[PDB]
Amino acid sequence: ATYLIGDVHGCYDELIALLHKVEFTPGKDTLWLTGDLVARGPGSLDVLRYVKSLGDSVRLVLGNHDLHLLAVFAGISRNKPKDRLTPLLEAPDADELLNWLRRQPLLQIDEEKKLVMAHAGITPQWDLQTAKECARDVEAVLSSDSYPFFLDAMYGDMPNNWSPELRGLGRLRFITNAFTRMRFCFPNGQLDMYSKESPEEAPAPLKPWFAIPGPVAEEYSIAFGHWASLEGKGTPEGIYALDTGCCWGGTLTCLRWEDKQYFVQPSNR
């Protein structure tokens, strides 16, 4: 069976309880994770140890808190007490876990399932070929020896409009924001980097990225996490918002692909 779970955010106990509920069995089953494996919850260290141990039985995409963790590790960004990352950063296997983390994809595609996964979704300004090229470009910088330079360059809210003519720092920053921070779009598909509210509470003319017809979403199902205030609700057919805010006292959600059956684990917070 194929299981898809939203943002774990260090909620190790809930993750294991949910996987036990569905009898997740490596070798028989595959797990997809929407990223943001770490921060806020208490068990980022155990989460990374477990997910890394799953090997080919897990298909992960990186989220914005995963990238921030890598930025802290690399000395680029300051550790925020509320993220609760110190046990992981101080762990003796921190290097092994974080060097594995930075080699993971931004984008997962399964053609037989016609299924796409990224942390925040697929901007309607991208077709599938472009999304693939952009993921490959940022994965290449993240997996390279020079990744701290990229991580430093990633921060920024501009440019917020895609063009194949984008070059250099602006190009990387857009790609990063689109894959890992996107929620709302302007009518022309340009990213808004400020509103984190639910679609009903957002100011006009902002609409959810998935409310704008895009070429990927017209052909593929898209699973994503990230947007907790969406509460997994309000999406079109073929769009699966899996982040139901476990670290926030919400729930951890697991979707079984074959029958589209949902399983839920209540937060322990």
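Residues carry their position along the shown sequence, with the first being 1.
The mean Cα B-factor in the deposited entry runs higher for 85-93 than for the other of 85-93 and 114-122.
A summary of the deposited B-factors shows that, of 202-210 and 26-34, the stretch with the larger mean C-alpha value is 202-210. Of all the options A74, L107, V138, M193, the entry's greatest CA B-factor is assigned to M193. Per the deposited coordinates, the residue with the largest Cα temperature factor out of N99, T176, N161, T130 is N161. Sorting the modelled residues of the chain by their CA temperature factor places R183 in the middle third. The PDB entry assigns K233 a C-alpha temperature factor belonging to the highest third of its chain's modelled residues. Looking at the C-alpha B-factors along this chain, the one for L172 belongs to the lowest third. Sort the modelled residues of the chain by CA B factor and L19 lands in the lowest third.
The entry lists a Cα temperature factor for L255 that places it in the lowest third of the chain's modelled residues.
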